[PDB]
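Structure 1 and structure 2, given next as structure tokens, are two forms of the same protein chain, each shown alone.
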Structure 1
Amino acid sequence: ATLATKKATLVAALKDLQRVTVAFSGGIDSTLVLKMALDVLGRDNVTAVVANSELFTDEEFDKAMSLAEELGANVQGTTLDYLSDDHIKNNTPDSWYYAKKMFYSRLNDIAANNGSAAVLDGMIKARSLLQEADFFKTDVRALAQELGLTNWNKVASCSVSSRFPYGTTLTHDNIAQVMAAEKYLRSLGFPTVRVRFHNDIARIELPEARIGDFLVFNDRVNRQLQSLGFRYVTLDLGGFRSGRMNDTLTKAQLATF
């Protein structure tokens, strides 16, 4: 298929849906879906929903709200207490699924009460219209430039649950602890970082190519994260996303581990 027919199929789904609620993350995919829904259905038939929670930063929430307002959409923030679900609070390995379940359950509630016919999300190759129309990554960038979309959150965040071992209980304080630690490291010029939480040990993951520059901050980072509540502040020798940059022989050894 061509981009023109991939765009066809998508206007057809929106025209048929009439009124929609869109899960808006601020990324290129949700930006394109939100912009196409606005273009095809008009401002009065689209409501953009951005989720706020303890497992995502306030900064990403504020940015997502401002991006959706920019597109000229009616935007609604909704607050989720993910920690009320025991799977999330005790970080079971399927915590991801119960968070998504609670997330989509609240969007469906919003959509039922605003008269929207469906919830739309960004997913590419609830209704993922881009993925139904066989949109690839190259197709989303082509139509975004085509429609003049230049602004979107370029950095996709994870759930802070990523920083805790399975079985570790998440609390309001340890979450804030991890997030303050990561925010401080980014302020020193390390935008890609993780502070992994191991109770009284902080284990920092950095891209290995920056480990060398970092040394000048060892003492400042050590004492700052200690005031955040950690007793031991450490640097993971494997780096961020360990094993990914290794030779063929030691990539199959780190992966077997």
Structure 2
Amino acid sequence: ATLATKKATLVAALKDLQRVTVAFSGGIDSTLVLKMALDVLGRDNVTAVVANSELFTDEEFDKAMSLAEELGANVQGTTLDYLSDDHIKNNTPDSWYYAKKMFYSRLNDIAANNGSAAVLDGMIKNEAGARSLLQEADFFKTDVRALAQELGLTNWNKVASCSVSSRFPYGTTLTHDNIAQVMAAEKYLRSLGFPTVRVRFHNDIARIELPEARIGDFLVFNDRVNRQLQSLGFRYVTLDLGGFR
């Protein structure tokens, strides 16, 4: 279908739910849903929820909270304790399931206790107690961008967030100390101009993953990065030859 019929589908689904709770991450999908909900139902029928957790950065949460206020939404912070579950804490291969369970269950309690008809998230085309309307309307990454520019949406988080769990090998126990170590290492690298980066944790070895197109530009920073991540507790600071992923 055309973008007009996909948008009309979205409006009808929203009109029928009447009052919604929106899982708000700050990326372009969730920003589109949140802004479409506000324009169809108005601020007082839309609660935006932003998850605050130890597995994502303080910077991403702060920008999301302020982004929802900029979009004109009542925004709420909720705090998740992902490490309270033994599967997540010990970083087993199915941790994604226990983490997403804890998230949507908290979001269901929020929407149940404020009278919302569903929880909305930003899943698109190409979690059963969530409605992903963009995927129900057959939106693709191309469509979300087309519809966002039409509404004048302009200020979402342009770099993808993933849980810090992925920086640790399966079986490694996540702790406050070693999560903080990875977060400070990745934060410093982003501060040098590398928004997409991974510091993979191998105890005394840091393995840095960069997009291969940036590795040439990184050379000027070797020695400063070496000394900075050593001051954080790594003994060996390395650059992965395979690049990012």
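Residue 1 is the first residue of structure 1, and the numbers go on in sequence order from there. In this text, rigid core is short for the largest set of C-alphas that superpose within 1.5 Å between two forms.
- Item | Rigid-core-referenced C-alpha movement of 2 Å or more between structure 1 and structure 2, selected from 38, 221, 28, 51 | After core superposition, the one over threshold is 221.
- Classify residue 185 as shifted (yes) or not shifted (no) between structure 1 and structure 2, where shifted means its C-alpha moves by 2 Å or more with the rigid core superposed. Yes, shifts by 2 Å or more.
- Using a rigid core alignment, state whether the CA of residue 61 is displaced by 2 Å or more between structure 1 and structure 2. No; residue 61 is a residue whose C-alpha shifts by less than 2 Å between structure 1 and structure 2 when the cores are overlaid.
- Query: Is residue 9 among the residues whose Cα moves by 2 Å or more between structure 1 and structure 2 after superposition of the rigid core?
  - Reply: For residue 9, whose C-alpha is compared between structure 1 and structure 2 after core superposition, the shift is less than 2 Å.
- Core-aligned Cα shift of residue 97 between structure 1 and structure 2, given in Å: The shift comes out to 1.1 Å.
- Using the rigid core as the frame, report the C-alpha movement of residue 233 between structure 1 and structure 2, one decimal, in Å. Taking the core as reference, the C-alpha of residue 233 is shifted 2.8 Å.
- Task: For residue 159, tell me the Cα shift between structure 1 and structure 2 once the rigid core is superposed, in Å to one decimal.
- Result: Residue 159 C-alpha displacement between structure 1 and structure 2, core-aligned: 0.5 Å.
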